[PDB]
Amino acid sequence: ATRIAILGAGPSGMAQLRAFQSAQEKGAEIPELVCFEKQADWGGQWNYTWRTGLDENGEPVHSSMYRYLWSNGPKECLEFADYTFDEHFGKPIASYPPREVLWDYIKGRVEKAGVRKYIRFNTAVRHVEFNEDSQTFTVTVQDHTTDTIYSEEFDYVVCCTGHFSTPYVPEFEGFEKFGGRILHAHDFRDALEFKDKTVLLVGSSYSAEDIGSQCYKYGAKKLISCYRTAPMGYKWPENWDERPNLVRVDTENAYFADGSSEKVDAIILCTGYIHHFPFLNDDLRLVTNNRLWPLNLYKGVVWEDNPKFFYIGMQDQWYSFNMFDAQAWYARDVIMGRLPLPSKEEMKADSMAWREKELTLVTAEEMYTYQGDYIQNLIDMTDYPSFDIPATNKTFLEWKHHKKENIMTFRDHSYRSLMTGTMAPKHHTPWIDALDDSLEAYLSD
């Protein structure tokens, strides 16, 4: 009788299916589930592809992940509370696993849940309309396996389409004339492409940090990072420097705000992403910048203009997978009727409260502690196994510290699991010398 459409089979869409399956396992009647995915497989960002721009169906390439990518936070900060690393890998592993390993892990859970059967792959979501007459959603999709466009009626929609895929790509003067590659971090795939090259990186967040680190590791001659407002702050290697922003570009040269000048071979724009939902009209569409707390989302999940429509993972992330889990579990309970929603007036007030609080945050520590607090709120309302949130916050602190000490070796460190207490062993190869990013290599000796 009740039908839910879940948009995307990324970590969040997986979490949503996991949430319902978990309720069903406990004897509960769950609604009919349909999950639309445009890729051929699950994993979202984590499913790797050599492709760039548009995929073989003409849909924008989703994954922004690149070769040699490893986890950027401690894995212990993203461990599933109901599916441990210990359960999955059958043994202790190091704290910063390669993409393939974390992909194997998140798949591992949904494999055990039997939820693949709900996903229509190779299917891109085209449009979502709310019908006021029947109080249902018409979800229109393109099945690229059959080359068919069809639609179905749903009672609730859960958007898990992510927000690190549609690039924010600013222009700089001279770009039409520059003789080198100008790509966005989203199209970055292989560091080897930039070996012995001089690479300009425009940005001062994780993509700048890590893509630079990848180019360094795989042998770029020189790296130049430029910042908009403030530098990354770390002590970079001898051939890597940070400067004020790019101002213009020659056929061969880049010109910066400090009056500085350099000959660059390639420009990689690590300038972030936008919240882009081409399948939604303004009545349903979330419009926001990347932040810990976007507005119009009750408990960070419920669309305030239409509370039958939900968003997962739309916040900026310190916490990732177990946030999505907490979000999806909450969305489940609302959908199912276990948690009734307040007035539209009372929802907005709760959101503004969280917003006002977000505005006071200065330090990294305050910020992921704020997110930790948000998740604590969510899990308390739910079956989801409460886990050690304060102890996670101390793991993040140790990680921040490890980065400040040496940015090129923070991945060499190890952390205690906050689910099992399993002390993660030191990896068989220091990050810098571990050229192989395969799962097989990582789990071997």
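Sequential numbering from 1, following the sequence displayed.
S.K.: Looking at the deposited entry, does 305-313 or 272-280 carry the larger mean Cα B-factor?
M.R.: Of 272-280 and 305-313, the stretch with the higher C-alpha B-factor average is 305-313.
S.K.: Out of 337-345 and 93-101, which stretch has the higher average CA B-factor listed in the record?
M.R.: Per the PDB record, 337-345.
S.K.: Quick one: which of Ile211, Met352, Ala266, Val287 has the biggest Cα B-factor according to the entry?
M.R.: In the PDB entry, the greatest C-alpha B-factor among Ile211, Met352, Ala266, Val287 is found at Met352.
S.K.: From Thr382, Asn57, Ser63, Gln39, which pick has the Cα B-factor that tops the rest in the entry?
M.R.: The listed residue with the largest C-alpha B-factor is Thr382.
S.K.: Could you tell me which third, lowest, middle or highest, the C-alpha B-factor of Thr429 occupies within its chain?
M.R.: According to the entry, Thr429 has a C-alpha B-factor in the chain's highest third.
S.K.: Just say lowest, middle or highest third for the CA B-factor of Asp143 relative to the other modelled residues in its chain.
M.R.: Bottom third by C-alpha B-factor.
S.K.: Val158's Cα B-factor: lowest, middle or highest third of the chain?
M.R.: It belongs to the lowest third of the chain when residues are ordered by C-alpha B-factor.
S.K.: By the record's CA B-factor, is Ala257 among the lowest, middle or highest third of residues in the chain?
M.R.: Answer is middle: the recorded C-alpha B-factor places it there.
S.K.: Which third, lowest, middle or highest, does the C-alpha temperature factor of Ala185 belong to within its own chain?
M.R.: According to the entry, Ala185 has a C-alpha B-factor in the chain's lowest third.
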